[PDB]
Amino acid sequence: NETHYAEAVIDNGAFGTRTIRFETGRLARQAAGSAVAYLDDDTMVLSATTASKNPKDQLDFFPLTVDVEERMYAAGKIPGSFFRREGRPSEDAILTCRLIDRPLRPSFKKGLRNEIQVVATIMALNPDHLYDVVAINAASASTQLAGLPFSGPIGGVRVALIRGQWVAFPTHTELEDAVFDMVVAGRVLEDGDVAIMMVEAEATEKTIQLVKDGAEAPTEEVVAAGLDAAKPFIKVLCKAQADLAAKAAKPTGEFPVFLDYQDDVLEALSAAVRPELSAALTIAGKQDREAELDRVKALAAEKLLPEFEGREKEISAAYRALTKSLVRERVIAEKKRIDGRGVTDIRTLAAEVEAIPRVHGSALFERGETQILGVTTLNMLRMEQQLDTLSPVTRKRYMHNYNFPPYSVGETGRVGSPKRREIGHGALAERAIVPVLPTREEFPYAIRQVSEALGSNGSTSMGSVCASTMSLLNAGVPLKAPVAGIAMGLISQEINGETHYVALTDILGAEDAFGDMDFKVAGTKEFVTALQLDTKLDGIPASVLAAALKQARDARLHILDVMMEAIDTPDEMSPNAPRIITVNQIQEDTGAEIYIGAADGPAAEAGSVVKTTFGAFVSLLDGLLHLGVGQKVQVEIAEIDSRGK
Amino acid sequence: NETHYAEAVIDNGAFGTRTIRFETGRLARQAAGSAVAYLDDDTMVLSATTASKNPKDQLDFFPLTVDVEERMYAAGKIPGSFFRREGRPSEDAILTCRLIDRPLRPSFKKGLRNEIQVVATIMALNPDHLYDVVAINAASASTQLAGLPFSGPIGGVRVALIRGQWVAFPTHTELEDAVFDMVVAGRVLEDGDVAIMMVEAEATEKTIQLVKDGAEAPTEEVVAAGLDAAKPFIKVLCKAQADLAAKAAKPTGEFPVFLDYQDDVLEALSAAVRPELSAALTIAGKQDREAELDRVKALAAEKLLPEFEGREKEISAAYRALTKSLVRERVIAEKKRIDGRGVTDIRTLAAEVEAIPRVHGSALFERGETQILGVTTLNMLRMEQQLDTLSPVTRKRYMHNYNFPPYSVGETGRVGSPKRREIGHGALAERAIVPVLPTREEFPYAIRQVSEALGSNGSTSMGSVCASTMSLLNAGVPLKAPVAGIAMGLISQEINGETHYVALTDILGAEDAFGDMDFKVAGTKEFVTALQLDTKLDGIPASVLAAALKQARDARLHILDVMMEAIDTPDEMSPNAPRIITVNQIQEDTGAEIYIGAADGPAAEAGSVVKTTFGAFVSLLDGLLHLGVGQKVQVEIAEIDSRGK
Amino acid sequence: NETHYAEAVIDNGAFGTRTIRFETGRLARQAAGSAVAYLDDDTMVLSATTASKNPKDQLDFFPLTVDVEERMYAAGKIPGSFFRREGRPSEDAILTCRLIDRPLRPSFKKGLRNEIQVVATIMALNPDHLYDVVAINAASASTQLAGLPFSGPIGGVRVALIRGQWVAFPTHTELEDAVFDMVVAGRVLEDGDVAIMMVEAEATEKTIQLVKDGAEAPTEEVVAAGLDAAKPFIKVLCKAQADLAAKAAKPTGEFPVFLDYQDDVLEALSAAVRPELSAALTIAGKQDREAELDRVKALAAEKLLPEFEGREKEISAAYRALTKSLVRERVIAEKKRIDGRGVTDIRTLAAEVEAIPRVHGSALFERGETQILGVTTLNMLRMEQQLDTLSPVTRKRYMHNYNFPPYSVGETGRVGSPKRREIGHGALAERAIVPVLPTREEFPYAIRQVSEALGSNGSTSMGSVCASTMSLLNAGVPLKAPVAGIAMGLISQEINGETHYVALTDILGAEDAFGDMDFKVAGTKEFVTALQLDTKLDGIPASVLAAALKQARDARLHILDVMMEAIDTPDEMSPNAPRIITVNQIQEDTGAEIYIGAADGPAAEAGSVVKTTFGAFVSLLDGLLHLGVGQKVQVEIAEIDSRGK
């Protein structure tokens, strides 16, 4: 019963040095594994990992559960909730579970059915620090000590490109000059190289201005450079955890493994339908393929019976392994996809605005079976969301909600509270847009964007980005630039001692499951505003990654053109929306928080840019100059026309 | 993959023409069935219907699920909730699910066990339109296209009697002159006649004044006339949906059916106990009947064993079919009920006020095993509920809550959030009362009424109406008139090519299950304030319906007498309640938002009617005139008595 | 169908007489059992008890469910919640369920598996009365009439020591002079003596001052005296219920009993391992014992197979009965505990402050495997919780939250809303502290205390008390005195016609399960601030109880010493905390509700005691007098030093 420590020294040169200190042996001694992670001995996150004794063999998936508990006392604050007790998880808490779960899930031995829970509690937070990345490491650390079939440690780091330097674990203060904010997690291979496993990045609300003022825009080259910059830190973080584990990790336990199917089922099934299956997979038609792809299942589920009775699940599971094998192989050799597309072909696109009546703005975006409806709502800033969490953010001007109803995929199910993925995809698409939004002063409105995943089969979050851009422009939001997104995939298998890679454009839901890496990129025509990535591959050639990002860029540009046809410049602000033209009695009669702010056009009406094609009509007592849909600008009278203009 | 449309033209003559446009093929293509319904191309409701592949054979009831999703952007509003995202369903959403579920549920083939879900989303709403009825049609439309064993289309319409005309799909503007608001849904029979299936109606807060000013009160004759007025519209709505289905409906699928019992069980059971059963059912006594009615189950469940082992459920299920058959038959032939009452006899009534201590007002209403406790609470108007939904209503002065605890029926179970039926019954009883409440000015208090279903077996919502009237009067609420309700039933079977009908007064919970129609009527001595109805019958003779309504009226009048004995005129306003007598320093000392508004009697005290038997004591600096318990009236001094009166 | 009554006359002499009236037969006639309990015909509580027909044989515990429903109309109030409808249970409601459940649960026959639910509804409440104890009796009454294998009635009473007299059912008015508030519940034995079964007591926020002004401090002697004072009342309450049951109780039904194991399993298991088990239990070492204690289970679970196949559960259940038998026996004879401690030995203690960075105050308390982390947060009074329940309390200055995460015991599980025990333990530890807190005026801050049960195995609520004291002092809260708690146990078995008792100090979780009584005591060095007790014993010798309380006192004093070493006097108030030094323009610039109230130290700074070692630095325009960390005191200048002091 002794306390052990280890440190990961983070050297940011001119920006200073900071340390991630790991501790174990003092707190929560009843957990399978426990560790504390401090950022400069100031911010503290405790992580406890536990495992249920009995496996849930009933499930066909590894049951991992990650929970992030924000304790408001870590900020010296008493919860503002009515009951003065922290309750339902904030966005940050949920997004952090995702950041931890993504790289930790695939790190456990396959077939594991025991419930593994990881609880990270934020106990102290310096208001200038970001706890998410401190928590990733603490999560990995406690799990690594738990004596479970887990291949860690996993090192997590945030690198932001601040003034030309990729700073590790930047502070909120340092992020004010960041053109790109990127979280990365990975492991250290037996040969010392770092394998990146997870990436969640974004451009910022500062990017455009900073690039204007001289900084380098976050293009694919820059972003890829950032990924390399994160590796040394991840190695340092991993080495520190390994030193802790070396001193106090429990010995790996003996856990039951649950296979999806035995060999006799696969050999049987393979021998029974392999030919018909590999053939059916060559049908470039939807209903035709699925049809023959059905005859086969039949010829199989009928040829293996009654020999294999009560093993039906193994049959369909083996049917999946075989299909996957066949589909992957065809991509590497024939470079043809399960739907007949080439490795860089995008699915049938359809963009459109004015899809719903009355709403301030709306757009419909379809790509294959993915159909997203985006709807925009503009209100007074008083409607902006108010937050009281561990984040320094207290108000949110741009709000995105992503709904994924069951019938989106022809299913029945609960319709209500948003899942963790609905929060995850919603965030990415929200973050992909934020970089191009006008400022509070240029556009004094709270903006709520809702993406309805009416149809789903091909990256709805990315489709959501395209729908947001158009919907917003349709509503009159003076975006600095349109943003589009694309979901990519990567197949990789070694053909006789040689590894080949094939990057896939706009991957189907199936190609995600059969791929070795899936990454999503969104951005304007100039730079990347968002990037998400996941993979278990032991690193990939720089030439390959860069090639994948470039391919993704191309797709993104093509889409931006299609979107451009739908709408280019912002449309006029809906009459049904509010205006804040600058120029009790009538404040409660004319209806408007009189600088005038009306909740309807027929108010303030019957200097601030009241309208900006051949100039800018700035409000006065308005004027015209041969600003946005609400921007501010010092006005001076140059000439009074005959009519009095 | 093409978009199809159809239109139902609603002609309201002088009030104008409007259209319900149906669309399909553009949105939510992954759902079994999908359709959009627009009201004048302005208000839009999307409906997606899906079916789970696997039947839930475990259940003994068809698992239908209807969800209504109000999107605040349909109103150009950002949710006011703390999280700025619509969450827990508003009353309207829930009540709308009920309106859709009621006529759609019985339209599916019996024995269906597949989960069928219908999700209606309100995407755009003209603030002058009511979306509920647009949603009923959209729900029916998407389901009709889903390729399910569903006998639609179902047409839903709201007809309100405005200035002598039954206007279809009235607007909030047009409803200001409505004396009756009635929703009706039905189907079109093979012969072209419309079969009404569901009715949810109510008198309004305008009725009394409008009738005063000349309009015709909504009596049974008027109401029945409205029902006929809804038929042509329902035919138009059905024809439009049928035209859509004709163009794009999927072909009916082959679904598994799950019988409650096989013939061998019924023949066996019938042969085994039919005589004893038909005899036991003649026992007019409660415990006696249930006793012999138990000997029989035994003689049965003992005579069919061990022959029928493992089919026990079929036995009791068949035991139900047989009992139902016997009970129904006896009503038609003998006109005697399972409890010994005649077709028009009301159960033992008991009314009483002052049932609970301290509360501002209370009443206890018993009818057979139905026992309702109503409790009244009066507070300042600041306590009136504030709403921010798709409804134009923003504040609710009269609030009704209906609780149905498990022990109400001798059961254990969850005690917490109110079920959809608790909301449904609560609404009806709330709507049955609203028409007779005094106005804000006549009575400046927020009124909360709670009905506790302490005992249940005979229409608790109607019993709730009677309990509300008395409780309110007990509290001093100057109701314009007392309201009473009654639950009716209708048995109908054809005796050799000839159909007979028998209307039942104050039906027991059992007679509801064995009946062919169940309708509830509530109202004052002069008119109907509420009506609810459900049936699968292919329409009934006008003479029969009118007869049923008249019978119901009679019962209602009898009850009003019994209630009158309990209390006639309002009682004095509880001292423990607030007063708003009209006549910082002492505003925060004497305690009262000083026009004076006290939260207790000992405030404002130690022109507005301060008390009104031989006149009206209007506040002054009070006076007496040889108004309600708070009404306003211009006061003038006529004579100063010797004592100074 | 007749209404029956009974009365329990509560005679408080000079304080008056009150009555608890029981009623049955009028309301909720469908429940298995129903009764109303009125306090002076003013406060009313209705209780309905029901039983599910089918036993839940799957469960290994009696499924009792108690629900308390606060109806705001009982207070003539409309719920202030947004939906104007009472929702999630208040603290009082939950704590009341606990008070009712604790004595009612063990009163049912063992092996009972039918779901028994008790719903108590507060329908009317005199604002000067406390409904909790009225509800305990109503709960017992309705259950006693339900015809269940229940050994009631259970009488519940609150006795508070007011001016030297133990007043039964004191009012909020009378409690203003109470030095101790104690709830007690018990039953009447066949011989007429009262057996106390449950106790939930606390000192008050008035204690210290009242003792200062002359009253007698609530020491173990005083407290024990109170327990005797509650007996006559409990007998009166029981007799009244018995009179009601005599008149209307249903006859006891025939319910299925589910044994944990049959005799053949115990005889088999006993014969198979008794020797090795009794021996393994002599191992004073943790891992060593549990190890041998494992060999035994094996030698057993291997010697009874395959003879006992499919009865494994009975084996482990019998293994428990045997272990319990052995452990209890050893305590009585050898006076040695399953962990090797003597009957009065405390587990290894460890106290420490400054355990977490940044937080205003924190402390870590360990006792054996029990590890509690307490964290303190100080904010402006505006952050104090606001309540709108049936309690007269409307604001709460001191808030305690107790978290018990799953990994606290090496388990996985839900992490979110607090269980009823988390509320129960949190309350006790909250109530144990309240008596020593400074007043609003002496300390103008809202105080939130959070106890994290990071490790659990030995009364975490009591460990929570010790952690609170230290954490609070660490934060600078001028407590009047430090408070410590201890969990005790009592083993009692009669050795040949003679009953022996053995009181256990700081019992392990196991000794609680094997004991016959478990009570927790907390308090300062001078008196008891909290006491909790539970037992089924037919009363115990006064000499024994007093001995147990004295032993507990000793332990408590020892702990207070250990805590004293960690911290004695309050530490300086964290700079990161707010100050309210007494001395729009700068009110919104300097940041502080200007009497000055800053949310940070660098505000008000760059008469009220600004700091109080050699005197008290009271704010002025400050001064020094050779008060607390915010107290108020009239300041006068006596002498101006050369430097100007």
Side-chain angles (χ1 to χ4, degrees), chain A residues 95 158-162 166 170 175-184 199-213 215-227 351 363 365 372 374 376 396-400 402 424-439 442-443 447 449 451 459-473 477-488 506 519-533 548-564 570:
Chain A
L95 299 182
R158 163 177 286 94
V159 289
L161 183 52
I162 298 171
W166 287 92
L175 283 176
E176 285 297 288
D177 275 19
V179 296
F180 206 72
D181 181 330
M182 166 161 78
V183 168
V184 190
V199 181
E200 178 77 2
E202 63 195 51
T204 74
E205 65 176 1
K206 293 305 183 182
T207 294
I208 290 183
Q209 184 56 52
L210 290 172
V211 170
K212 191 169 185 173
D213 296 331
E216 172 174 41
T219 59
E220 287 72 11
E221 297 58 42
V222 169
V223 167
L227 291 178
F365 178 75
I372 308 303
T376 301
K396 196 167 180 180
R397 203 174 89 261
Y398 179 67
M399 300 159 268
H400 182 224
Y402 162 92
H425 299 322
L428 188 67
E430 194 187 83
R431 286 293 116 191
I433 291 295
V434 164
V436 302
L437 292 174
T439 53
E442 300 171 298
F443 202 65
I447 306 173
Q449 187 65 28
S451 297
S459 182
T460 42
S461 61
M462 289 302 97
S464 190
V465 172
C466 307
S468 291
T469 296
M470 305 190 277
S471 184
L472 287 160
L473 295 175
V477 182
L479 300 186
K480 308 298 187 190
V483 183
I486 193 71
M488 312 288 296
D506 178 40
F519 58 101
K520 312 176 183 61
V521 190
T524 67
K525 198 182 193 306
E526 319 284 59
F527 57 91
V528 179
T529 56
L531 167 65
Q532 189 176 67
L533 175 154
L549 292 169
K550 180 176 185 180
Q551 198 181 317
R553 169 166 173 278
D554 288 344
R556 182 179 102 220
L557 293 174
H558 175 57
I559 297 172
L560 278 169
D561 286 326
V562 176
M563 287 169 59
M564 182 169 67

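Lettering of chains follows the sequences in order, A, B, ..., and the numbering in each one begins at 1. Values below: every heavy atom of this structure, side chains too, minus hydrogens, waters and symmetry copies.
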**OP:** Work out which heavy atom in A:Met182 is nearest to a heavy atom in A:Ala201; give both atom names and the distance.
**Re:** CB-CB, 3.4 Å

Original post:
What's the spacing between A:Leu557 CG and A:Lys525 NZ if we round to 0.5 Å?
Top reply: 5.0 Å

**OP:** Drop me the distance from A:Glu200's CD to A:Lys520's NZ, to the nearest 0.5 angstrom.
**Re:** 9.0 Å

Subject >> Pair A:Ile447-A:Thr376, side chain to side chain contact (heavy atoms under 4.5 Å, CB included): steps then yes or no >> reply: CA-CA 7 Å; A:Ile447 306 173; A:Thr376 301; 4.3 Å; yes

Original post:
Atom CG of A:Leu531 and atom CG of A:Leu428: how far apart are they, to the nearest 0.5 Å?
Top reply: 8.5 Å

Subject >> Nearest non-hydrogen partners of A:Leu560 and A:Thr524, listed with the distance >> reply: CD1-C, 4.0 Å

Original post:
Are the side chain of A:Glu202 and the backbone N or O of A:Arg431 linked by a donor-acceptor pair below 3.5 Å?
Top reply: no

Original post:
Does the side chain of A:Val199 reach to within under 4.5 Å of the side chain of A:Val183, using non-hydrogen atoms?
Top reply: no

Subject >> 4.5 Å side-chain heavy-atom contact, A:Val179 and A:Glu216 >> reply: no

Original post:
Given side chains that start at C-beta, do those of A:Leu227 and A:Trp166 come closer than 4.5 Å, heavy atoms only?
Top reply: no

**OP:** Begin with the C-alpha distance, continue with both residues' side-chain angles, and end with the deciding distance and a verdict on side chain to side chain contact (heavy atoms under 4.5 Å, CB included) for A:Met462 and A:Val465.
**Re:** CA-CA 5 Å; A:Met462 289 302 97; A:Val465 172; 4.1 Å; yes

Original post:
With side chains defined as the heavy atoms from C-beta onward, is the minimum distance between A:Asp177 and A:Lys206 less than 4.5 Å?
Top reply: no

Original post:
Less than 4.5 Å apart, any side-chain heavy atom of A:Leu210 and any of A:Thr207?
Top reply: no

Subject >> Minimum heavy-atom distance A:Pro218-A:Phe527, with the two atoms named >> reply: O-CB, 3.4 Å

Original post:
Below 4.5 Å, heavy atoms only, C-beta onward: do A:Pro478 and A:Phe443 meet side chain to side chain?
Top reply: yes

**OP:** Taking only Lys NZ, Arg NE, NH1 and NH2, and the carboxylate oxygens of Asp or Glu, determine whether A:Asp181 and A:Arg158 approach each other closer than 4.0 Å.
**Re:** yes

**OP:** State, to 0.1 Å, how close A:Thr469 and A:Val483 come at their nearest heavy-atom pair, and which atoms those are.
**Re:** OG1-O, 2.6 Å

Original post:
What closest approach, in Å, do A:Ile486 and A:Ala555 show between heavy atoms, and which atom pair accounts for it?
Top reply: CG1-CB, 3.7 Å

Subject >> Minimum-distance pair of heavy atoms, taken over all atoms of A:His425 and A:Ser461 >> reply: CB-CB, 3.6 Å

Subject >> Salt bridge A:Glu205-A:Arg397, side-chain N to carboxylate O under 4.0 Å >> reply: no

Original post:
In Å and rounded to the nearest 0.5 Å, what is the CE to CG distance from A:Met564 to A:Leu473?
Top reply: 12.5 Å

Original post:
Does the side chain of A:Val477 reach to within under 4.5 Å of the side chain of A:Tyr398, using non-hydrogen atoms?
Top reply: no

Original post:
Is A:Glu526 salt-bridged to A:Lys480, going by a charged N under 4.0 Å from an acidic O?
Top reply: no

Subject >> Separation between CD of A:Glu221 and CZ of A:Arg553, rounded to the nearest 0.5 Å >> reply: 7.5 Å

**OP:** Quick one: pull up OG in A:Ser471 and CD1 in A:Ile372 and give me the separation to the nearest 0.5 Å.
**Re:** 12.5 Å

**OP:** Determine whether A:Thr204 and A:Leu175 make a side-chain contact, defined as any pair of heavy atoms from C-beta on separated by less than 4.5 Å.
**Re:** no

